[PDB]
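Notes for the one structure printed next.
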Amino acid sequence: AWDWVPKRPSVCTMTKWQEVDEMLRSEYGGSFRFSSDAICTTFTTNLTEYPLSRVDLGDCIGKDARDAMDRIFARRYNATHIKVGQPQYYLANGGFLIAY
Amino acid sequence: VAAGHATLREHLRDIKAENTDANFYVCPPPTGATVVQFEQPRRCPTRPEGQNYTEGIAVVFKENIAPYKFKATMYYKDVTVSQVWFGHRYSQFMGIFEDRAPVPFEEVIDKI
Amino acid sequence: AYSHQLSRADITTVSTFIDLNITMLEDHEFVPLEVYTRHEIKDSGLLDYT
Amino acid sequence: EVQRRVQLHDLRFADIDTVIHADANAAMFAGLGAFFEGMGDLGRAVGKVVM
Ligand SMILES: *[C@@H]1O[C@H](CO)[C@@H](O[C@@H]2O[C@H](CO)[C@@H](O)[C@H](O)[C@H]2NC(C)=O)[C@H](O)[C@H]1NC(C)=O
Ligand SMILES: *[C@@H]1O[C@H](CO)[C@@H](O[C@@H]2O[C@H](CO)[C@@H](O)[C@H](O)[C@H]2NC(C)=O)[C@H](O)[C@H]1NC(C)=O
Ligand SMILES: *[C@@H]1O[C@H](CO)[C@@H](O[C@@H]2O[C@H](CO)[C@@H](O)[C@H](O)[C@H]2NC(C)=O)[C@H](O)[C@H]1NC(C)=O
């Protein structure tokens, strides 16, 4: 037995799992391979960027990614590096979405 | 609208259903034909003691044993004898004799 | 039975944590005949945790 | 010490196992087998019957 309750309201499809300061992207065998010291897993992906804009209509993942990248950049890279262009999104093997 | 969330579940569910298979390995037990050893912990100074310290690049060389690997075939006959003349129900108690013998050259050439 | 005594330099020391160019064989057991007849136990080295 | 005790237990089991399976009848049959084998074919002819 259990107490019945109305079905819970909908929530965002993806949660922020990790914030990574150092992640090296490399191109090999027609696929991108991301790696870091903070996570022992290597993420493999196709060369095509995912069209997140037409899926995350609520800008949930967009806001979280943009904010985290700016926080990290301001904290550790502001005086040593420059950001090349706008963030990129990739669907990695194993079912992860990597904002880079 | 939920259509975006729904298609995102679909893409993630699809990507994780892909075959990322790996092989199995039959590991035969080592006989001791090749053996290796390890480094050991070593006591070191509590305070600096060396003189003329310097940094530098180094390249370490080992003696070249030049291993020569090849294929070899071995032939032998395993023999076994028991006291059958007493009957199968009793031979068991009188033990068994066994021997491993090399195959003579004339058998390896003219028969095998 | 005691056979002989080797110097520590007689065996190939494996490099610190990563090593390559190491030679090996597909070891084939060639079990003694007694393991089938007398059903004596075959040596298996020191025990792993498994 | 764990692996030293594990190797002592399988030795105790081998001794208990041997005590149960070391049948006195088998010991007697082994003694008789050796006695008749030493008498040659004249021994085999009798040995097969008395066994
Ligand atoms: C990130 O780096 C920039 C420089 O690339 C910093 O810019 C300074 O910003 C203040 C406030 O607007 C100005 O008074 C300075 O003149 C700027 N300096 C330069 C060299 O342009 C910025 O402060 C850094 N942000 C953080 C959070 O450290
Ligand atoms: C990477 O791109 C390939 C196509 O080049 C995708 O492979 C197809 O995936 C679908 C969905 O599982 C299958 O129905 C097809 O049979 C696949 N095509 C081929 C030619 O193999 C793949 O899904 C993409 N992977 C990622 C992680 O984006
Ligand atoms: C044995 O050592 C040699 C180097 O002396 C290794 O040779 C390299 O092998 C890779 C992979 O084939 C090549 O990309 C390199 O160009 C080779 N280096 C040179 C200088 O030729 C070899 O990989 C080692 N073999 C094993 C099995 O460990």
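By convention in this document, the chains of the structure tokens carry letters A, B, ... by their order, each chain's residues are numbered from 1, and ligands are numbered from 1 in the order they are shown.
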Chain B residues near ligand 2 within 8 Å, closest pair each, using only C-alpha atoms and all ligand atoms, as JSON lines:
{"residue": "B:14", "atom": "CA", "partner": "ligand 2", "partner_atom_place_in_ligand_line": "12 (O)", "distance": 5.5}
{"residue": "B:15", "atom": "CA", "partner": "ligand 2", "partner_atom_place_in_ligand_line": "27 (C)", "distance": 5.6}
{"residue": "B:17", "atom": "CA", "partner": "ligand 2", "partner_atom_place_in_ligand_line": "12 (O)", "distance": 7.5}
{"residue": "B:18", "atom": "CA", "partner": "ligand 2", "partner_atom_place_in_ligand_line": "12 (O)", "distance": 6.5}
Can you work out which residues from chain B touch chain A at a cut-off of 9 Å (counting only C-alpha atoms) and hand them back as a VMD selection string?
chain B and resid 1 to 9 11 to 18
How would you report the residues lying within 9 Å of ligand 1, as a PDB file with N, CA, C and O atoms, in the first residue's frame, if you count only C-alpha atoms and all ligand atoms?
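New file result.pdb:
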ATOM      1  N   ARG A  71      31.671  31.615 -14.982  1.00  0.00           N
ATOM      2  CA  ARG A  71      32.179  31.540 -13.626  1.00  0.00           C
ATOM      3  C   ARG A  71      33.593  30.977 -13.601  1.00  0.00           C
ATOM      4  O   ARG A  71      34.481  31.584 -13.007  1.00  0.00           O
ATOM      5  N   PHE A  73      35.760  30.619 -16.217  1.00  0.00           N
ATOM      6  CA  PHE A  73      36.646  31.466 -16.990  1.00  0.00           C
ATOM      7  C   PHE A  73      37.104  32.666 -16.172  1.00  0.00           C
ATOM      8  O   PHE A  73      38.304  32.917 -16.079  1.00  0.00           O
ATOM      9  N   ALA A  74      36.179  33.357 -15.502  1.00  0.00           N
ATOM     10  CA  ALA A  74      36.503  34.496 -14.666  1.00  0.00           C
ATOM     11  C   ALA A  74      37.391  34.123 -13.488  1.00  0.00           C
ATOM     12  O   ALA A  74      38.290  34.882 -13.133  1.00  0.00           O
ATOM     13  N   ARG A  75      37.180  32.948 -12.889  1.00  0.00           N
ATOM     14  CA  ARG A  75      37.941  32.479 -11.746  1.00  0.00           C
ATOM     15  C   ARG A  75      39.369  32.057 -12.059  1.00  0.00           C
ATOM     16  O   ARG A  75      40.260  32.372 -11.274  1.00  0.00           O
ATOM     17  N   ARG A  76      39.606  31.378 -13.184  1.00  0.00           N
ATOM     18  CA  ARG A  76      40.888  30.769 -13.485  1.00  0.00           C
ATOM     19  C   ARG A  76      41.589  31.128 -14.787  1.00  0.00           C
ATOM     20  O   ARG A  76      42.803  30.951 -14.866  1.00  0.00           O
ATOM     21  N   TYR A  77      40.897  31.685 -15.784  1.00  0.00           N
ATOM     22  CA  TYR A  77      41.471  31.937 -17.092  1.00  0.00           C
ATOM     23  C   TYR A  77      41.519  33.387 -17.552  1.00  0.00           C
ATOM     24  O   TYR A  77      42.270  33.691 -18.476  1.00  0.00           O
ATOM     25  N   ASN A  78      40.782  34.282 -16.890  1.00  0.00           N
ATOM     26  CA  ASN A  78      40.653  35.690 -17.218  1.00  0.00           C
ATOM     27  C   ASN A  78      41.937  36.412 -17.621  1.00  0.00           C
ATOM     28  O   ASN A  78      41.909  37.222 -18.546  1.00  0.00           O
ATOM     29  N   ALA A  79      43.058  36.118 -16.959  1.00  0.00           N
ATOM     30  CA  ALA A  79      44.341  36.751 -17.195  1.00  0.00           C
ATOM     31  C   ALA A  79      45.371  35.917 -17.946  1.00  0.00           C
ATOM     32  O   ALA A  79      46.505  36.367 -18.099  1.00  0.00           O
ATOM     33  N   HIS A  81      44.191  33.329 -20.746  1.00  0.00           N
ATOM     34  CA  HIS A  81      43.602  32.843 -21.978  1.00  0.00           C
ATOM     35  C   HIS A  81      42.516  33.758 -22.524  1.00  0.00           C
ATOM     36  O   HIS A  81      42.066  34.695 -21.866  1.00  0.00           O
ATOM     37  N   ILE A  82      42.060  33.436 -23.737  1.00  0.00           N
ATOM     38  CA  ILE A  82      40.975  34.080 -24.451  1.00  0.00           C
ATOM     39  C   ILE A  82      40.013  33.008 -24.947  1.00  0.00           C
ATOM     40  O   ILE A  82      40.449  31.919 -25.317  1.00  0.00           O
TER      41      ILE A  82
END
Using only C-alpha atoms and all ligand atoms, which residues have at least one atom no more than 12 Å from ligand 3? Output them as a PyMOL selection string.
(chain B and resi 61+64+66) or (chain C and resi 18-24)
Could you take the residues named above and write them with N, CA and C atoms, as an mmCIF file, in the first residue's frame?
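Saved result, part.cif, follows:
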data_model
loop_
_atom_site.group_PDB
_atom_site.id
_atom_site.type_symbol
_atom_site.label_atom_id
_atom_site.label_comp_id
_atom_site.auth_asym_id
_atom_site.auth_seq_id
_atom_site.Cartn_x
_atom_site.Cartn_y
_atom_site.Cartn_z
ATOM 1 N N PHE B 61 70.230 3.173 -21.565
ATOM 2 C CA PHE B 61 70.341 2.024 -22.441
ATOM 3 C C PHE B 61 70.515 0.745 -21.633
ATOM 4 N N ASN B 64 71.187 -5.426 -25.004
ATOM 5 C CA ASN B 64 70.298 -6.023 -25.982
ATOM 6 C C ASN B 64 70.440 -7.537 -26.033
ATOM 7 N N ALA B 66 68.348 -9.484 -27.657
ATOM 8 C CA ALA B 66 67.853 -9.847 -28.971
ATOM 9 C C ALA B 66 67.087 -11.163 -29.022
ATOM 10 N N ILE C 18 54.951 1.638 -16.335
ATOM 11 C CA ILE C 18 54.568 1.342 -17.702
ATOM 12 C C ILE C 18 55.790 0.802 -18.436
ATOM 13 N N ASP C 19 55.656 -0.329 -19.133
ATOM 14 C CA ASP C 19 56.719 -0.959 -19.891
ATOM 15 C C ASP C 19 56.226 -1.545 -21.207
ATOM 16 N N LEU C 20 57.090 -1.519 -22.225
ATOM 17 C CA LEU C 20 56.852 -1.973 -23.581
ATOM 18 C C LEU C 20 58.045 -2.770 -24.093
ATOM 19 N N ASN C 21 57.985 -3.242 -25.341
ATOM 20 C CA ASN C 21 59.019 -4.041 -25.977
ATOM 21 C C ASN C 21 59.352 -5.336 -25.241
ATOM 22 N N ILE C 22 58.471 -5.762 -24.333
ATOM 23 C CA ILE C 22 58.582 -6.983 -23.560
ATOM 24 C C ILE C 22 58.180 -8.175 -24.417
ATOM 25 N N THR C 23 58.990 -9.235 -24.365
ATOM 26 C CA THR C 23 58.766 -10.469 -25.094
ATOM 27 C C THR C 23 58.023 -11.475 -24.227
ATOM 28 N N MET C 24 57.097 -12.240 -24.812
ATOM 29 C CA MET C 24 56.286 -13.226 -24.125
ATOM 30 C C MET C 24 55.929 -14.379 -25.053
#
Apply DSSP to the backbone of this structure and, from chain B, keep only the residues in strand (DSSP E); write these as a ChimeraX atom specification.
/B:36-37,76-82,96-102
Could you please tell me, as an NGL selection string, which residues of chain C have an atom within 10 Å of chain B when using only C-alpha atoms?
:C and (8-17 or 22-34 or 36-38 or 43-45)
Do you know which residues are at most 7 Å from stretch 39-49 of chain A counting only C-alpha atoms, after dropping those on the same chain fewer than 5 positions away, and could you put them as a ChimeraX atom specification?
/A:30-34,88-93
Under the rule of at most 10 Å, produce a per-residue listing of chain B near chain D: chain, number, name, the closest pair of atoms, and the distance in Å, as a tab-separated table, using only C-alpha atoms.
residue	atom	partner	partner_atom	distance
B:83	CA	D:33	CA	8.4
B:84	CA	D:48	CA	9.7
B:85	CA	D:48	CA	6.6
B:86	CA	D:48	CA	4.7
B:87	CA	D:48	CA	7.3
B:89	CA	D:51	CA	9.8
B:90	CA	D:51	CA	7.6
B:91	CA	D:33	CA	8.8
B:92	CA	D:26	CA	8.6
B:93	CA	D:26	CA	5.2
B:94	CA	D:30	CA	4.7
B:95	CA	D:30	CA	7.8
Mind dumping the selected residues with N, CA, C and O atoms as a short mmCIF file (atom, residue, chain, number, x, y, z; two decimals), in the first residue's frame?
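Generated output (selection-v9.cif):
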data_model
loop_
_atom_site.label_atom_id
_atom_site.label_comp_id
_atom_site.auth_asym_id
_atom_site.auth_seq_id
_atom_site.Cartn_x
_atom_site.Cartn_y
_atom_site.Cartn_z
N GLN B 83 46.66 -53.72 -13.37
CA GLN B 83 46.50 -55.14 -13.11
C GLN B 83 45.14 -55.69 -13.49
O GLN B 83 44.38 -56.18 -12.66
N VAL B 84 44.78 -55.62 -14.78
CA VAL B 84 43.51 -56.05 -15.32
C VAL B 84 43.19 -57.53 -15.15
O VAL B 84 42.02 -57.89 -15.04
N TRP B 85 44.20 -58.40 -15.05
CA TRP B 85 44.05 -59.83 -14.94
C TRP B 85 43.34 -60.33 -13.68
O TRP B 85 42.97 -61.50 -13.62
N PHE B 86 43.09 -59.46 -12.70
CA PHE B 86 42.31 -59.76 -11.52
C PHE B 86 40.83 -59.41 -11.66
O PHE B 86 40.02 -59.86 -10.86
N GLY B 87 40.45 -58.64 -12.68
CA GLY B 87 39.10 -58.17 -12.94
C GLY B 87 38.93 -56.71 -12.55
O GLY B 87 39.42 -56.27 -11.51
N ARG B 89 36.73 -54.88 -11.10
CA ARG B 89 36.25 -54.61 -9.77
C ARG B 89 37.33 -54.63 -8.69
O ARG B 89 37.08 -54.13 -7.59
N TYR B 90 38.51 -55.18 -8.99
CA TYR B 90 39.62 -55.33 -8.06
C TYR B 90 40.90 -54.62 -8.48
O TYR B 90 41.62 -54.15 -7.60
N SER B 91 41.17 -54.47 -9.78
CA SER B 91 42.35 -53.82 -10.30
C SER B 91 42.62 -52.45 -9.70
O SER B 91 43.77 -52.07 -9.49
N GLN B 92 41.55 -51.73 -9.34
CA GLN B 92 41.55 -50.41 -8.72
C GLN B 92 42.37 -50.34 -7.44
O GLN B 92 43.05 -49.35 -7.19
N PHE B 93 42.33 -51.39 -6.62
CA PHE B 93 43.02 -51.46 -5.35
C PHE B 93 44.50 -51.77 -5.47
O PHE B 93 45.28 -51.44 -4.57
N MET B 94 44.93 -52.39 -6.57
CA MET B 94 46.31 -52.76 -6.84
C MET B 94 47.12 -51.66 -7.52
O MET B 94 48.27 -51.89 -7.90
N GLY B 95 46.56 -50.46 -7.64
CA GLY B 95 47.22 -49.30 -8.22
C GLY B 95 47.32 -49.30 -9.74
O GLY B 95 46.72 -50.11 -10.44
#
How close does each residue of chain C get to chain D, giving the shortest atom pair and distance in Å to one decimal for every residue with an atom at most 12 Å away, counting only C-alpha atoms, sorted by chain and residue number, as a tab-separated table?
residue	atom	partner	partner_atom	distance
C:40	CA	D:14	CA	11.2
C:41	CA	D:14	CA	11.1
C:45	CA	D:3	CA	11.9
C:46	CA	D:3	CA	8.6
C:47	CA	D:3	CA	7.0
C:48	CA	D:3	CA	9.1
C:49	CA	D:3	CA	9.1
C:50	CA	D:3	CA	11.5
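Taking atom CA of residue B:73 and atom CA of residue C:39 as endpoints, the distance between them is 27.0 Å.
Relative to atom CA of residue B:88, atom CA of residue D:20 is found at 22.4 Å.
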